[PDB]
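Protein chains in written order, with PDB author numbering: chain AG, 67 to 176, 194 to 396; chain AK, 28 to 128; chain AZ, 54 to 102; chain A1, 45 to 243; chain AH, 102 to 189; chain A4, 78 to 208, 233 to 666; chain AD, 88 to 114, 119 to 258; chain AC, 36 to 167. The structure appears below as structure tokens.
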Amino acid sequence: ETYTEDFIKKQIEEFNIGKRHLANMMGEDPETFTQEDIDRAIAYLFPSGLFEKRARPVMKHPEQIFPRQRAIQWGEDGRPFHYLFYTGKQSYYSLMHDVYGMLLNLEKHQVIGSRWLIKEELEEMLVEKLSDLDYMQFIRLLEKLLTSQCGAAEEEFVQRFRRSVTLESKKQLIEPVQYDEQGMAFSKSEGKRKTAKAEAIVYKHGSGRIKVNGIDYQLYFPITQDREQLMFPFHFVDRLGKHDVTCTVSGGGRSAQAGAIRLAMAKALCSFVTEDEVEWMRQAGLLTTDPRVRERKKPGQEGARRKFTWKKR
Amino acid sequence: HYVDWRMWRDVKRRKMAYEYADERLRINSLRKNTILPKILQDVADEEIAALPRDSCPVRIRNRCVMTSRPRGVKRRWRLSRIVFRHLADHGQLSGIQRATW
Amino acid sequence: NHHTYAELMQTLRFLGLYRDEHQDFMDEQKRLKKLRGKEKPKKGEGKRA
Amino acid sequence: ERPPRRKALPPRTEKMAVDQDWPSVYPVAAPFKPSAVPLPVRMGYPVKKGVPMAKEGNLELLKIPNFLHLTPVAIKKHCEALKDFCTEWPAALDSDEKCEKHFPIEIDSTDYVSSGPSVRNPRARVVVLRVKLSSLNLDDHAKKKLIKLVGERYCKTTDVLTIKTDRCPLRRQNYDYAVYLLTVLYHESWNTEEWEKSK
Amino acid sequence: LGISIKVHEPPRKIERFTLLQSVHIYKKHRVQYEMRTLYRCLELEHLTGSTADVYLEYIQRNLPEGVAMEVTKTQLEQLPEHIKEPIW
Amino acid sequence: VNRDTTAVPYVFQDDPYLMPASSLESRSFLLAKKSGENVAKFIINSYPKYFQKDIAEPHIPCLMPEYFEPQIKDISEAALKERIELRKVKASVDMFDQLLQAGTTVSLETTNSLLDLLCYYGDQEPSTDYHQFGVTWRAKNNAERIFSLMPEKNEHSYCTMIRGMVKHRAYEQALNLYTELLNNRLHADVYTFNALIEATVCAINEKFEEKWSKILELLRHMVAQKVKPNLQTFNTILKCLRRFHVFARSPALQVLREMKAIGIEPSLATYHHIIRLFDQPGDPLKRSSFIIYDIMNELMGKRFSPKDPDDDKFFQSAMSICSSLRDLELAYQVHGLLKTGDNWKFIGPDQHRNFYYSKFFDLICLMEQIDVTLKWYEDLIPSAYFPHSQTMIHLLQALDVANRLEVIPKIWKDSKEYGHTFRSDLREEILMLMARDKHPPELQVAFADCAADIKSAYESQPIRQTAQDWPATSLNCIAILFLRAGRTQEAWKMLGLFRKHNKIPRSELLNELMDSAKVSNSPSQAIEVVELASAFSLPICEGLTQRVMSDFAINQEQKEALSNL
Amino acid sequence: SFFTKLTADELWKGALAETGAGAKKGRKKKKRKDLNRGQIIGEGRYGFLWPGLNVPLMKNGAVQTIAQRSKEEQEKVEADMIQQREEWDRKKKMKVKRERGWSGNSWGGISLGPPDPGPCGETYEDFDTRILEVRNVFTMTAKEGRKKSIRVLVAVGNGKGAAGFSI
Amino acid sequence: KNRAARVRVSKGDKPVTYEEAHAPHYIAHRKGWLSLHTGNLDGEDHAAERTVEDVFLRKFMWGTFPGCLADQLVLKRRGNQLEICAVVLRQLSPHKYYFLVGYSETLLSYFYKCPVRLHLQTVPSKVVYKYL
RNA sequence: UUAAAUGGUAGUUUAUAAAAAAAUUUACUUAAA
RNA sequence: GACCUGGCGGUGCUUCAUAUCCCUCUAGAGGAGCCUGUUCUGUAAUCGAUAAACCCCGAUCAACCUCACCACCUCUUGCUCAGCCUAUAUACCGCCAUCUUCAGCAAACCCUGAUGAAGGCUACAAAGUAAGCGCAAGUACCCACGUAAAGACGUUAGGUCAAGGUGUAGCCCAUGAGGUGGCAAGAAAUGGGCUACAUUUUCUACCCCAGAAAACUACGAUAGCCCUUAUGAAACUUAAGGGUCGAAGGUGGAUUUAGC
Ligand SMILES: [K+]
Ligand SMILES: [K+]
Ligand SMILES: [K+]
Ligand SMILES: [K+]
Ligand SMILES: [K+]
Ligand SMILES: [K+]
Ligand SMILES: [Mg+2]
Ligand SMILES: [Mg+2]
Ligand SMILES: [Mg+2]
Ligand SMILES: [Mg+2]
Ligand SMILES: [Mg+2]
Ligand SMILES: [Mg+2]
Ligand SMILES: [Mg+2]
Ligand SMILES: [Mg+2]
Ligand SMILES: [Mg+2]
Ligand SMILES: [Mg+2]
Ligand SMILES: [Mg+2]
Ligand SMILES: [Mg+2]
Ligand SMILES: [Mg+2]
Ligand SMILES: [Mg+2]
Ligand SMILES: [Mg+2]
Ligand SMILES: [Mg+2]
Ligand SMILES: [Mg+2]
Ligand SMILES: [Mg+2]
Ligand SMILES: [Mg+2]
Ligand SMILES: [Mg+2]
Ligand SMILES: [Mg+2]
Ligand SMILES: [Mg+2]
């Protein structure tokens, strides 16, 4: 699959004409039709439900479709263009040479935000296939270059090979404090445990009354352990007897329903505690949705994991 | 031209059962009650027993319409598991895919 | 109705408007068996009596 | 072979202007024709270092039920021609409460559109009649007798009497039967029998 | 066409069934198939007989292959004449 | 929605390989498709058993097998009626005779129905799926025998017999039967009178005046019998009057004026007959001019409905009159009428549609600005008709007149796509126009590319199998076009073809070859120019050689040049 | 039954039995005959002639109608087709005379022709290849056991002094 | 090892189309369905008769167009209509194609009592997705 | 650094490849003797 | 005689098995009754699977039908341009098991062994480059987790001529087709499962703050007998319930299964 440059040029010629045709079909301005409008139109005109998105109908700029192919490396005379052509990795060894040169000069004169460029993405930059050990060798020099007091130019060179890790914050999101007709401050949250789904309304000020589906919590949860779960969020922050809760729970069994409410109450109560307390609650496991759900039974077995009795003979 | 003699015997049973269905329904109604005299119900017992054996609906067998396999048939498609899987695995049955969950 | 399907497509083959690859295969095999000397015996005039 | 093998003409998408009347090309639902659609649309899971397959001879695109005959331009043009057939909703019946006051009875019927040689569907015969007993001229005795006669057809929370009828082959017969049942129920509820004194 | 329309997506139904893997014996091994039925509900309101007749014909004729439709029609009717007052 | 101009008619398969690429392929592709439908219908009716399972709801009667054989085997009058309904001419007669021999009574209505079947079909079986010149009526036919057998003969029996005779060109026999009809004091119907009018004109070869008197006498007979004339009565008169070249024009107008007074509305057929009568091959066309203008004024914005079988023949004739008069505005009025409402359906069969559009487009190219002609070219071709090779010549001539020769390469491509790749007249015309005058470099390059393509069409001629033909003009033009574009290498090869094919090169080709050699300064090439012309004994060569000898010529070559002559 | 019939490819794949357990560890090589080679669309046993498929659509500028070959004409067509088959079959039966090497069944001394031309415009038409030895060497693999390979010595030479050999 | 509808790897000389290259686990994931009707939707009837008709049509078209079909059929059903989309080759003369389209559309309409259309797409040669 | 015997006979490896076809053959109605 | 490659070794060294080899953890099987397969024996009376990789297996299923079995009777160009559940899974397609709870397979070239079978890595690098297939990636399900799905080439001439199709051979007054009636049992052994042997239990109320029962009238049969009903043309037989009966069993040897 060797796509010559003239062919790619013709493909671009057909995308621009096709792009104007699609704008005409959809009644849009040919001149402000973007790639995100193209994708919306193609999805409507050619509806495909195939689970894998790479198999669906696509109309993209040929530069984004066809793979990046390296240019001819020698002229008609036959003399290759790069002095490191016969190495076979002219782009990799050209870079390796440059970094070694910079390091020699630097000596003579004398992170969360960003990750080291991964291997598959360095190969794209060089348009050369590399081994894992080649990638390690390159990174070992770049790191050495940072350890030394690299100058303003050397820092720019390194940053070519540093991507930006956007670090996800593990901070709980607080729900807005609303006010009812009577002006009582309350927060509402949601929880899910197995198949139980509970909505909890925690009032800022109260006496400690919990109503579950309109019933007093001790009557709804006769089992003590279930009542212990409802106590844990409030006991952990020393706020027993200071809030009223009106929660509704549906689905699941007795324990799942008590677990769903615990998560809902904890998420809601984050509005009325300090940020530091919210972090402690998160570190005690009071704000995490439990992902442990019933595993499916498999054909040819007794249960999810159990097998049928095995007979050697 | 039916797949085999067994399929051909089932075709004849389905035809004879259709012809006698009304007569059999009427006579059974006389038998399946406690209202009518037992003497009349005894005569109906004999009359339904004298009808041809191949009119009895219990003798019909749901065979695969393509291969005549008498077992492993899916009633919705009337196909044996083997024939159904052949058509399903080639993508020729609308909306039927491999189930993974 | 396997009688209609079979009889219809048989007629369509004799009219030259349907190519039955299956029937062609078993037709060649019957022709070659006849040359090899294996042919259906005449009814009544069987190998037994 | 004095004339050489017949050569396929170039695709007619090369003659199409960029400001054509596309609804004229795809007036009705038709299969995707790569020679008629002037889009370089590709489809197919790409092989390693490969691209999604082109549109010519692409069976994946043929499978898609395309909407090239229903472009937004066509829909707006189509509906402009179909406005003559529509009649205006009575402006008086602004809200659902106003509809109930003037038209107490609601008849629900269902039509099933499936693909095949036969249109028949045995579910289409079912008719559901709903009427609130507050819209009927019922005294105290009649209302109590009616609620007892119908049984679970009456819902106390909503005060709606639901009469579902599916005895007769046709929907029109089931509609006439449902309306008939409401009539005999109304008149029987008003009638007072002597045995009613044993309540 | 001036019709009030509201769309909601009813939950999907996935029907699954199991078949034997091999033609003969080998019971432990199965093949599991499914048919996914997805839904979309278009709730029209305050239509007249003529408007509904035209809208339904237009969208029904353009129903894509493999899509079924169930049209539930609620008709507003007046009290039967016989029910206006009791005869007894 | 409107007609899609880029597509061929919808009846064809929308695929580049299957789309028709010529006027003939259009006809043949439809004929092949119709044959397929006939073969399927033949099988369906030959083996109904296979197509008797009805799974359609609602039931579709049209998709069921048809049974054409009589299912009543009893010999009776009621069973005979079936055979007449089935149009079994031979079976009905044989059964009718058997019925008569048995002595059972056959109703007059049943006998009249049998005569209708025999009289209409001339006692011949209607064509079936599978089992012109001259008078088709035969003296020994069943209709005549049965007609005499009839014990009671009503007016309808005579009528259908007269109509049959006229239909089958038994004009004299029909007129004799009408005389017998009058002797019996039986009134004839409108349809018999319409047939009798045709018989009068066809039967004898008397001059117009006598035929007109006879026609007027039948009209007076029609009025005497209280018979009201229909539209067909007048349309036949006009069709009959076409035979009288210049003597029926004014009478024909009187007939038209009579129609309007009575209240019979002239249909398209009526006007078709008039314009055909008034349009005889004469240069002035003065009367024809007035007729067509007045007819078009009357028909403006009139939606028509089928009234006469000849309604489909109007538009082709009207466009023919406009081409003869060379009036584009009238043609646009005629075409306007075709496009109003549903009048487009009256264009007629394929050969009518091609003729109409050929005459219409040929008049546009001649009489309209090039910019509008090209719009009509885009809209009509290929969506409406596949052009004739001569219409491309007319389009090329229009382009020449407009000085828009940048489109000639496009016309060639379209010509190849419409099946004119190997039309000699078209290929020669394009080359001549391209090479007639010198053009700017870009236009000269484009013409060279088209010339190379035309040259390839000549190299790959299907006639090449029969023989090699390379017209002298074509060869000369191609060579000159190569020289002007700067492809001297390609032009140098053409010199071998001239002598090979024995085609004499024009002086302009030889005179211009000088510069090509002079710019190169290769005396060898200069002599080759002299050597060729000397073979043909062209007088310019001798005078030319001396000039070349002065400019660039090797000493040794100069001596040889003179001796070669 | 019609619905039980299969395509020719599946039939020939089963009948040939090229894939199996009997064709692996050295455990009649009948060949597939293409039966569609001589078949023309529209030709049937009855002999019906169809305008536009079996016979030309228009004869003398007139669209032909459905016709049928006479009893005796169809017999000729069938007999001719049978003869045309015996000819095609005959060609395959014919054995081409192979120039033998040192022995009838020995690969030594059999010319292989000129070496294939190189990609960079290189032609080796002067050189003549001739085999010298063909040996069936074997190794043992864990999965399959006896694994058969071919060792082939050849010699190439132009006849003017240049000459090499390779395995 | 699984067998169902898996074209087995060869020496790298065997051309396969996109449909033939994908095993059954890829249906609804990378390749779609070759027949679209409502029979197999929840609450829909007559799946059995739709299945038989599809099996027949695929065989009818294989024998009626011998050597022409270059890929599997795409059967589409909309209400009463049946649409057969076939990718054929460019070897048979156009006349013979038009005859067979008119013949097949008529014969099938009378057999299944419904309007049937056949949409032929011609390709120069079999579209090769990969060489197995 | 306890002890831990046995597994019927024969059978598990070389001469080549592949069909071909053929076209249809350009623009009305109409009429006459 | 000396080698190449593979296998194998009660073969060495080092590093390890994640429900996994040992010691450990939880619940079982092996013992009792019953349900359901198999082997044997039995019957005039199917067939196939039958170390791991058979044994509630082809069957998401046999009272007739199904059926291919047995006895008897009947038919002959036969529901089919016949038929055959007749032989051959050691001729095959098709669909699969198994290693796989694997990571290798291989076209095309180059180099090494003096041009033998064969071999081809060392990163501060020393002859390998490798399209393709698999793994992986991606997708399905509730996540990027897990679980499914997937899993090449080959190994067991592994399973299946009885899903169907089919090569070869056989039958054609029968080895084909139809009708009626009938067998599918238990000396003995064993696999899987079910219910129990009870007090963390039994019954009732309740679905979790209760009262009684608790050793020959307790715990414990889903068996036996009897009766009714359901399905069906047909029920000594199949299923449900009622009555009656109250049995072995008192926690199970060697051995053995599953689970992160
Ligand atoms: K031996
Ligand atoms: K070793
Ligand atoms: K135990
Ligand atoms: K066999
Ligand atoms: K067999
Ligand atoms: K057990
Ligand atoms: Mg049964
Ligand atoms: Mg598996
Ligand atoms: Mg020899
Ligand atoms: Mg021994
Ligand atoms: Mg041994
Ligand atoms: Mg036990
Ligand atoms: Mg057994
Ligand atoms: Mg066995
Ligand atoms: Mg029996
Ligand atoms: Mg039995
Ligand atoms: Mg038998
Ligand atoms: Mg085997
Ligand atoms: Mg994952
Ligand atoms: Mg798995
Ligand atoms: Mg994977
Ligand atoms: Mg074996
Ligand atoms: Mg076996
Ligand atoms: Mg027998
Ligand atoms: Mg108990
Ligand atoms: Mg009991
Ligand atoms: Mg009973
Ligand atoms: Mg007790």
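Built from N, CA and C at the ideal position, the CB exists for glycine as well.
Spatial neighbours of residue i in its chain, beta-carbon cut-off 7 Å, leaving aside the 5 residues before and after
i, result
"residue 312 (chain AG)", "341, 342 and 345"
"residue 635 (chain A4)", "642, 665 and 666"
Same chain, Cβ closer than 6 Å to residue i, neighbours up to 5 away in sequence not counted
i, result
"residue 495 (chain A4)", "463 and 466"
"residue 668 (chain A4)", "Outside the displayed span of chain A4 (78 to 666) sits residue 668 (chain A4), for which this structure offers no information."
Opening and closing residue of the alpha helix (DSSP H) in which residue i lies
i, result
"residue 75 (chain AZ)", "74-89"
"residue 325 (chain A4)", "309-325"
"residue 556 (chain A4)", "542-560"
"residue 109 (chain AH)", "Here residue 109 (chain AH) belongs to no alpha helix (DSSP H); instead the beta strand (DSSP E) covers 105-109."
"residue 268 (chain AG)", "Note, residue 268 (chain AG): premise wrong, no alpha helix (DSSP H); beta strand (DSSP E) at 268-276."
Rounded distance between the beta-carbons of residue j and residue i, thought under 8 Å
i, j, result
"residue 103 (chain AK)", "residue 39 (chain AC)", "Wrong, their Cβ atoms sit about 20 Å apart, outside the cutoff."
"residue 53 (chain AC)", "residue 103 (chain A1)", "7 Å"
"residue 369 (chain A4)", "residue 405 (chain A4)", "6 Å"
"residue 124 (chain AD)", "residue 81 (chain AZ)", "7 Å"
Endpoints, the beta strand (DSSP E) within which residue i is located
i, result
"residue 136 (chain AH)", "131-138"
- Query: Given 8 Å as the limit, is there contact between the region 111-122 of chain AH and the region 133-148 of chain AH, that is, 3 or more CB pairs closer than that?
  - Reply: The region 111-122 of chain AH makes contact with the region 133-148 of chain AH, as at least three CB pairs between them are under 8 Å.
- Contact between the region 70-85 of chain AC and the region 651-661 of chain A4 (3+ Cβ pairs under 8 Å): With contact defined as three or more Cβ pairs closer than 8 Å, the region 70-85 of chain AC and the region 651-661 of chain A4 are not in contact.
- Query: Is the region 357-370 of chain AG close to the region 284-301 of chain AG, with three or more CB pairs under 8 Å?
  - Reply: no
- Do the region 104-113 of chain AD and the region 68-79 of chain AZ meet, that is, are 3 or more Cβ pairs less than 8 Å apart? no
- Item | contact_flag[the region 137-150 of chain AC, the region 95-113 of chain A4] where n(CB pairs < 8 Å) is 3 or more | yes
- Message: Can you confirm whether the region 153-160 of chain AD touches the region 132-141 of chain AD when touching is taken to mean that 3 or more C-beta pairs between the two stretches lie within less than 8 Å?
- Response: yes
- Task: Below 7 Å between beta carbons is the criterion; list the residues of the region 125-157 of chain AH that meet it against any residue of chain AC, in chain order.
- Result: 136 and 138
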